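Engineer: Pasting the sequence and an experimental structure:
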Amino acid sequence: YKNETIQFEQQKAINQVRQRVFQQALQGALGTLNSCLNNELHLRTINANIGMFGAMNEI
Amino acid sequence: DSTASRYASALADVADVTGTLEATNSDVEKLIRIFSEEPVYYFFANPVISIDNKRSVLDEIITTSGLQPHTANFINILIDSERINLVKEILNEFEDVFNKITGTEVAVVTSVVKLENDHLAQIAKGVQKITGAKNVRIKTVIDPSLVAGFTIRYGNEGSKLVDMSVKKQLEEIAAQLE
Amino acid sequence: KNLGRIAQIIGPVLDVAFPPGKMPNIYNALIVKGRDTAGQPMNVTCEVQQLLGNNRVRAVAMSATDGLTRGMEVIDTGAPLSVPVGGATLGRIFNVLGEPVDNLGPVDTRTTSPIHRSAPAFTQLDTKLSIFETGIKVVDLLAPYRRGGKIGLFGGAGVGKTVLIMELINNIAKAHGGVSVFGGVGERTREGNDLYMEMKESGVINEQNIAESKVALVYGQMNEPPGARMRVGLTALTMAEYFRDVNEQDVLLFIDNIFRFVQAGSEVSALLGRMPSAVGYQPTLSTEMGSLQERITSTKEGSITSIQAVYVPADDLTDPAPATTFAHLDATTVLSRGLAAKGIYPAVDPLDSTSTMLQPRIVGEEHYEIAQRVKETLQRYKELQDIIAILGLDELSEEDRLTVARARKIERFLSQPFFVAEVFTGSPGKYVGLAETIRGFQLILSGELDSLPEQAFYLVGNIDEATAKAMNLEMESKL
Amino acid sequence: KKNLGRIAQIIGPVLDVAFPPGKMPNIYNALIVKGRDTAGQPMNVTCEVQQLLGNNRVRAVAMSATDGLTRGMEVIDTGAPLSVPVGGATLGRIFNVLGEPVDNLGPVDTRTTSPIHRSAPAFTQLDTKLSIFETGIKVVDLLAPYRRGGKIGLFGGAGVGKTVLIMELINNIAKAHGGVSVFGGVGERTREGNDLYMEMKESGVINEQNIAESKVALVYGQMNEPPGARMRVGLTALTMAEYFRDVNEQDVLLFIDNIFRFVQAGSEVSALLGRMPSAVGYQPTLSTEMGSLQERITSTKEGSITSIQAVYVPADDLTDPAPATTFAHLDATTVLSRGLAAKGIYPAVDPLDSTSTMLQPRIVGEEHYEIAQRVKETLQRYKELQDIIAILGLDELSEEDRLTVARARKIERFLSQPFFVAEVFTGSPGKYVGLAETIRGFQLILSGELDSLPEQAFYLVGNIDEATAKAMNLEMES
Amino acid sequence: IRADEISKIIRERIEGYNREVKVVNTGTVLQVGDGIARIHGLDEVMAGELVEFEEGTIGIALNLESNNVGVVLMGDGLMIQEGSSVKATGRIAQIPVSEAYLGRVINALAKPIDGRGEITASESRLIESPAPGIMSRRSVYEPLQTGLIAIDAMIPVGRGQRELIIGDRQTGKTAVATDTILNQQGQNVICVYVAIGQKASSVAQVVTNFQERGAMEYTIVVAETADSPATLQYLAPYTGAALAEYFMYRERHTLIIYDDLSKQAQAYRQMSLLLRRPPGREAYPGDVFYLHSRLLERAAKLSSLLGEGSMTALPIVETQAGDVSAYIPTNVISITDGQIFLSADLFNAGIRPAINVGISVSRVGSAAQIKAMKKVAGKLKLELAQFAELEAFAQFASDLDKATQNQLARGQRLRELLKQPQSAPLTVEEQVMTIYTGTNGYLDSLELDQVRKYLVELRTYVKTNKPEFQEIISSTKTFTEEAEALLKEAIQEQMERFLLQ
Amino acid sequence: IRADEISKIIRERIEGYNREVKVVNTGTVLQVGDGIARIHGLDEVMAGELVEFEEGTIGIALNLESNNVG
Amino acid sequence: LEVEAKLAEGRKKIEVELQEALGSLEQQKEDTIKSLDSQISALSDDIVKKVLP
Ligand SMILES: Nc1ncnc2c1ncn2[C@@H]1O[C@H](COP(=O)(O)OP(=O)(O)OP(=O)(O)O)[C@@H](O)[C@H]1O
Ligand SMILES: Nc1ncnc2c1ncn2[C@@H]1O[C@H](COP(=O)(O)OP(=O)(O)OP(=O)(O)O)[C@@H](O)[C@H]1O
Ligand SMILES: Nc1ncnc2c1ncn2[C@@H]1O[C@H](COP(=O)(O)OP(=O)(O)O)[C@@H](O)[C@H]1O
């Protein structure tokens, strides 16, 4: 049972490192949001909204 | 189905049967514009001050601001039945009850960028397709926390709501750790 | 239209709204349908009791609150609920709304009587008074039923009432060639299942070929909503009603429990915006029992004999639901925790249990003297027993010391075994004849069999068998 | 720093505060109100939120006397839950419902503080060992062994020596084992709070000078306090205790008395919260609040927080929910039947319901297990004979049942433990007993060694040899 | 090992995600107070949907009005801003299920509170899966074993039968529950000890005892901290019920231990009261009957058509001062399969277990116990009921009849057979041995207080000398003349051995 | 929460307030169920005056609150 | 008493071994979790590419 507790801690630490990597993903995503232009990425957002509007009418 | 909601429903129904639909609509707009100031609202909300003076003040404001006799008669019934203490939520829901009986589906689509008004009409047609409503009163406001995607919110008040701005990230960060 | 929205759902109470074009009447079946958690075409049936203005109405649902979501369609049938009734509707077990829950072939749904109907006026009630013998000793002695009457099982905390119904059904369903019907109304489902198994066993269901089944089971679950349970009794009652007017046969009802029905009515009435009452219940208890016990009446058109289990909570009588249920009963059998504790079964204290059909001229004026002598010495013993418990029987004076042992034998003798209870006892039971009963009691109360040991009267069908067991006991006193 | 604004409604103890619409505070966090007073506008009005109630309005609970403040006072959101001083700052200091030292000593250093409440400790962070230590009170040490680190329930009504039994228990374990000994007073008679405080000062377990040498943290909450204060002092004291079990990592002695007053404060504040009532009168949430105050007591992996909680059973009603939650929630029920005190035994403890799961052979030794058994069978039989012997007299029994009644009353008067602190109340300077007594007095009683000395000859004497000497003295005086 | 391989699995979880068109019902939260969340908006919300907050303390939507929705806080949401976008999850309180639960202390949100690690699980078991059907199910015809003597003796438990343990506090209810759990060591019986609303130290003690006895290899303990929110504290028995449904639906018959149910009613009462849903009698909401009905009726015995397993239930309910006329022990006695008591008198007076059959009763009978014990001592229940009355009657003991003297000393020795030591779960064949030793009057002449010693000597003597008896009868379940012969033989022998001495 | 909060009577009301008078002739139901009914109108109704129901199933009135007679 | 004390001593030794093995595994996990920050930047860039279309 104690040996199984070690693998429990191993999976928990794998998820903790995954959570820190997701924090780094949030960091890189915020960096991309800053490097997401107020007109270019806005045009991408409008086009994605139009495609999602077609998807919504299909929904 | 509250008291304010059903009094709103009575007012919208008498407007609908009397054809005073948009007249009462603009009338409740200027009416809540008048009730915006808490001196006159408190003047009506105070039950200490004499009801005949309150009625005279109401009919006075009615004659001066040139209102519908239907909403005039309505708020006379409201001050009589004492529910004039509630006119804030009464009219604030009456606009939406009027929108309901006129089928106009107010849908607040916030986003991070002021969308092309053709795309506003596009998603307006799409949500009229998904709703069957008479109008879709498209409403927009710039939300900075929304990253990029369209962020609709429709239904009665805020019930049905789709997003693509942070919800995409929420999808990813949720489903990744599973 | 008549399509409305469901504005509020709180428990099995459903506030349905409607456009002002149509606001239906009370008691009408409403069916929200087509939706579930699986996108299923699941329907829920809901009837209406209170209609709370603005063309809206709060309803009670006969199936679970899960599935349906506020602001949903609803199709009222423009009518009160109607139960599929007929000889085709024997055999199978079916729902409160009538759907065959036996999961094989549905019965032919063509003759549906409305579930809420008029109660028969006493100009239609068969005032013919009659006598019924059912083979169980203490009952057909001291609480003799009316073949035509209403029969009450005032039971305690799960003691002998349902097994009594099983035994009695086993003994009289074959006896009464007319129609019979068990109404499982909030009954425990595995014991209703055991009853159904016994009907499959004894062939009264005739499992290989049905609609010759003179018994007809309809059941409503404990686990079903109280909206179901507060009308399942009306379902069974309407099946018996159809057989009592249209078929107008001899009809036999065995609903269990009526207090389940009462509690379900109380349960929803707390929810559907109504005040409480005295302890337990709704303020509509008396009218609920009015609807029931005015519709279960042996008519001049057709007879009926409804037995019914009454579980009193806390095992008392001052409780208001049995305070009106006694007032609506005519053949009352009241069981006792004490006589169950001493194993004597059916654990009826004969003191409390009486009947209108215990008149001397109508039971035989010697049978009545038997009944009076047993009730006399028995009640005197039940008086004496605490004085015994403080001063000793051997002190307690002789002219009553004989009677205490006499009635002490009496009660255990009128404990008699049942053909199903042998699983609980060890010996297969006995169907006792009332002549044998009055004979044995004319021995005991007189004091002829005062020589016998008392436990020779324990759990014995007939008094000659009691003498036989007495000789066996004396023989083992030697050995 | 956080949202300032206005209280919109005050209703006696409870208060409803509106706020900026943007950010309402947390639930369960605290916030002071400045308000006003006669002289100065002090921050004496500490407050605590309870229910965000619409219209950017929070309904909140007070902590102090709450007259003089009004609607529209300058409320200050402190944002965090109610912090409280912890550490050696606690040690010896008689501080109050929010942590401020009301012992007329220095304002303790805020360098180490902690919020008022926290989550429940973990399924793993529970301990494993069924820990047992004795006290010295023989009825307890016979038939209600004490799960140390677990919960030790003191039941009974009023005027039955429960607080006095707690004074005796702390009078033992103050200089007996255990590290820091956190007494908390939930709704205590404050004269009796300072009384046992002076008993700590005289007994020296607390420190006059260099008070940071105490291993005693007496954070009382007086009975006079408003219902928010009585509702929170238990959480304060348990915050101290869990602080020590996690930071001192210490076995903490957790005398608290009596948490019925705590949950009654909860009932009283709910009745103004407008939460609907419950069984007979109390709050609907008594279950969860008792669950909080219990589940946040545990014997940790390192800190066996031994809790000695009293519960004021109201009007001697065991089926009341305020008992009915606790003695599901605790280990060693000790109900103190009033009628035994009417008879005159002190302490007045029945054996029948006063029990433990510590009373197990594989914990106390099978010998001590059957010792407690052979007591309990006899005394339960004595009760079963009592209710029919009182009517219709003594000698209608068997010779056996007469002897069994004699021996049962032998054990009964034999468990009359004279208390070491009760000398100033009764007169007899009390005695200390242990496990040799626990075996041997039982053994002499049940074997029939002591079988002719009268009922007085083991009355109010702990040691069975002391009972023998008392028997010698009373036989000598004739 | 960390951060060195998991990046490819990070890519696997990221790439291939949904980017769904999921229109959802979403609510602006209006009124949170004390564990509930009366939420504005949120129209098309199914009553029973989990509702995801800002926090992650999800919540069930129990009640719902035209304006508001009564939503509870499974997990107390200590910080929820007004107007927060609290959308539902769409699905209805589904529960993941696997055989890999077999040992992990699990929380009511299916979450391992064992410290053993998270469980992979496929199905999504509903929280309100209804009762098994009326026609679909068979009678309880097959025995399930207690390990405690007197219950299997007089008042049998059966696989699918839902006997109700009842009694006051501190009288061994949880103890006899765990005993009849770890009785099941080779009977292919899953046990689900659903612990409700008590000391986590106590549940740690019982899992400690389970780690001792090995029974935590197959049992599933649903813990409930007393600090857990009352929504969770009433929800957890439904989780345990659906989890046992997961195994009964395959074939695998199982047992469940609610512990207790009275705290379930109390916690559910608290939730309904804060929900302002009005109370019925004794300040409870009325439909605690309906709650426990839906609970216990989800526990029955399958038939061969759908798996012929069983979910025999043991819901302990707590009754103060030995009452029955408390409201929950008035509902559950009507909706259980008979009830057994633990009187404080009988416990503290040595009868341990304390099932006084004068008030105790099992309402399905011998058909759910073994044919051997049937043919031996079906009658012994009523015999002991008479002995209990007559022993109450033998208070007036001046000149007892000789036959009633035989009867009283007989049932005296019988009651002494129904004494058993702490956690000594006797072989069911040994219960047959002692039940025949009682019913055949060998012990009648013997010493009346040394019957326990007679029994331990006799059981050791047969378990050594003639262990062929117990295996042939356990292979036949039937008290035959071979059983009789071996029994009376070792009876003569060990009666000699303990007469001398 | 108020009496006669039904918006049909209130629709009639806000149509035809414009006077200071009563409605005394007859009235309509506002609420009905379980053999009782809260009804509007016929303002002069004597304490225990019989009520000519629609569908003739007459009844007696004992609650006679302001906007709604029971 | 002999076998019980012997098994108790063995259980104490096994508890020491479990504590040592758990400390070793936890330290190695924390070390490797602090390690490899470049895969975190790479996966963050991949998440940026996944989210941004
Ligand atoms: N063990 C005792 N020894 C001496 N006197 C006692 C004892 N118990 C009670 N008394 C007498 O009874 C009075 C009140 O009883 P007691 O002090 O036990 O109630 P209490 O401890 O205040 O109960 P609680 O603390 O639960 O309110 C005491 O003032 C004392 O005179
Ligand atoms: N056969 C037995 N012999 C001796 N003691 C027993 C026996 N069965 C149970 N007990 C005792 O009963 C005591 C109380 O156990 P348990 O907690 O199950 O009672 P309870 O009424 O369930 O209490 P609670 O309801 O507070 O859990 C235990 O200490 C246990 O030793
Ligand atoms: N003396 C007895 N005779 C027959 N059955 C008994 C007796 N004592 C207890 N029982 C039990 O009581 C049960 C019947 O109780 P009853 O009230 O008929 O049904 P329920 O318990 O479902 O209400 C039977 O299943 C049987 O096991």
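Structural biologist: Right, received. Where do you want to start? Residues are numbered from 1 along each chain as shown, chains lettered A, B, ... in the order given. Ligands and ions are numbered 1, 2, ... in the order given.
Engineer: so what's the closest residue to chain C within chain A up against?
Structural biologist: Here chain A gets closest to chain C at one residue, residue A:59, 15.0 Å apart by Cβ to the nearest Cβ. Yep, even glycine has a C-beta here, placed from its N, CA and C like the rest. The neighbours of residue A:59, taking Cβ atoms under 8 Å, 6 or more residues apart in numbering or on different chains as the test, are B:130, E:21, E:23.
Engineer: Return the residues of chain G in contact with chain A.
Structural biologist: G:14, G:18, G:21-22, G:25-26, G:29-30, G:32-33, G:37, G:39-41, G:43-45, G:47-48, G:51-53 (Cβ under 8 Å from any Cβ of the partner chain).
Engineer: so of the residues you listed, which ones are in helices?
Structural biologist: G:14, G:18, G:21-22, G:25-26, G:29-30, G:32-33, G:39-41, G:43-45, G:47-48, G:51 (DSSP state H).
Engineer: Phi, psi for residue 35 please.
Structural biologist: Using chain A. phi -90, psi 50 (degrees, to the nearest 10).
Engineer: Oops, wrong one, chain G.
Structural biologist: phi -70, psi 170.
Engineer: In chain B, which residue sits nearest ligand 3?
Structural biologist: The minimum distance from chain B to ligand 3, using Cβ to the nearest ligand atom, falls at residue B:1 (43.0 Å).
Engineer: Counting neighbours, what do you get for that residue?
Structural biologist: By the measure other Cβ atoms under 10 Å in any protein chain shown, the count of residues near residue B:1 is 17.
Engineer: which residues does it contact?
Structural biologist: Counted by Cβ under 8 Å, 6+ apart, residue B:1 has contacts C:7, C:8, C:15, C:17, C:54, C:56, E:65, E:66, E:67.
Engineer: for residue E:434, same thing?
Structural biologist: Applying Cβ under 8 Å, 6+ apart, the residues near residue E:434 are E:149, E:417, E:426, E:455, E:458, E:459.
Engineer: check those residues against ligand 1, which are close?
Structural biologist: Among these, proximity to ligand 1 is found for none (Cβ under 6 Å from any ligand atom).
Engineer: Check those and tell me the two furthest apart.
Structural biologist: The most widely separated members of those are E:149 and E:458, with 13.9 Å between them, by Cβ to Cβ.
Engineer: Contacts only, for the residue in the stretch 401-501 of chain E that chain F sits nearest to.
Structural biologist: Chain F sits closest to residue E:418 of the stretch 401-501 of chain E, with a gap of 54.1 Å, by Cβ to the nearest Cβ. By Cβ under 8 Å, 6+ apart, residue E:418 lies in contact with E:149, E:150, E:153, E:351, E:384.
Engineer: Can you give me the distance of the closest residue to residue E:328 other than its chain neighbours to residue C:315?
Structural biologist: Nearest non-adjacent residue to residue E:328, counting by Cβ to Cβ, 6 or more residues apart in numbering or on different chains: residue E:265, 4.6 Å away. The gap separating residue E:265 from residue C:315 is 20 Å, by Cβ to Cβ, to the nearest Å.
Engineer: More neighbours: which of those two?
Structural biologist: Set side by side, residue E:265 and residue C:315 show more neighbours around residue E:265, with 27 against 20, by other Cβ under 10 Å.
Engineer: List phi and psi for that one.
Structural biologist: The phi/psi pair for residue E:265 (degrees, to the nearest 10) is phi -60, psi -40.
Engineer: what separates it from residue E:279, distance-wise?
Structural biologist: 12 Å.
Engineer: does chain B sit close to the host helix or strand of residue A:57?
Structural biologist: Under the criterion of DSSP states H and E, residue A:57 resides in helix A:40-58. Yes. Using Cβ under 8 Å from any Cβ, we find that helix A:40-58 touches chain B at A:41-42, A:44-46, A:48-50, A:52-54, A:56-57.
Engineer: just the CA coordinates of that helix, formatted as CSV?
Structural biologist: This file holds the C-alpha atoms of helix A:40-58, laid out as CSV (Å, rounded to 0.1, in the frame of the first residue of the first chain):
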residue,chain,number,x,y,z
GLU,A,40,-5.1,42.1,-37.3
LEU,A,41,-6.2,39.7,-34.6
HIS,A,42,-9.4,41.7,-34.4
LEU,A,43,-10.0,40.8,-38.1
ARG,A,44,-9.1,37.2,-37.2
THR,A,45,-11.6,37.4,-34.4
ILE,A,46,-14.3,38.9,-36.7
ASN,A,47,-13.7,36.1,-39.3
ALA,A,48,-13.8,33.5,-36.6
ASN,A,49,-17.0,35.0,-35.3
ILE,A,50,-18.5,34.8,-38.8
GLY,A,51,-17.5,31.2,-39.1
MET,A,52,-18.8,30.5,-35.6
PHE,A,53,-22.0,32.4,-36.7
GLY,A,54,-22.4,29.9,-39.5
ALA,A,55,-21.8,27.2,-37.0
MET,A,56,-24.4,28.8,-34.7
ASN,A,57,-27.0,28.9,-37.5
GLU,A,58,-26.1,25.3,-38.1
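Engineer: In that helix, which residues are buried?
Structural biologist: A:41, A:42, A:45, A:46, A:48, A:49, A:50, A:52, A:53, A:56 (16 or more other Cβ atoms under 10 Å in any protein chain shown).
Engineer: okay if I get those as a markdown table plus distance to chain E?
Structural biologist: Shown next, in a markdown table, are those (distance: Cβ to the nearest Cβ, whole Å):
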| residue | distance to chain E |
| --- | --- |
| A:41 | 17 |
| A:42 | 19 |
| A:45 | 14 |
| A:46 | 17 |
| A:48 | 10 |
| A:49 | 13 |
| A:50 | 14 |
| A:52 | 7 |
| A:53 | 11 |
| A:56 | 7 |
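Engineer: Those residues: which two are farthest apart?
Structural biologist: So, these by Cβ to Cβ: farthest apart are A:41 and A:56, at 21.1 Å.
Engineer: I figured residue C:154 hits residue C:313, correct?
Structural biologist: No. Here residue C:154 does not reach residue C:313: they are 11.9 Å apart, not a contact under Cβ atoms under 8 Å.
Engineer: which residue does chain B bring closest to chain C?
Structural biologist: Closest point on chain B to chain C, by Cβ to the nearest Cβ, is residue B:1, at 5.5 Å.
Engineer: That residue in helix, strand or coil?
Structural biologist: coil (DSSP: H, G, I helix; E, B strand; the rest coil).
Engineer: Relative to residue C:56, how far out is it?
Structural biologist: From residue B:1 to residue C:56 the distance is 7 Å (Cβ to Cβ).
Engineer: which residues do those two both contact?
Structural biologist: C:7, C:15, C:17.
Engineer: Of the buried residues of helix A:40-58, which is the nearest to residue C:421?
Structural biologist: residue A:56 (67.5 Å).
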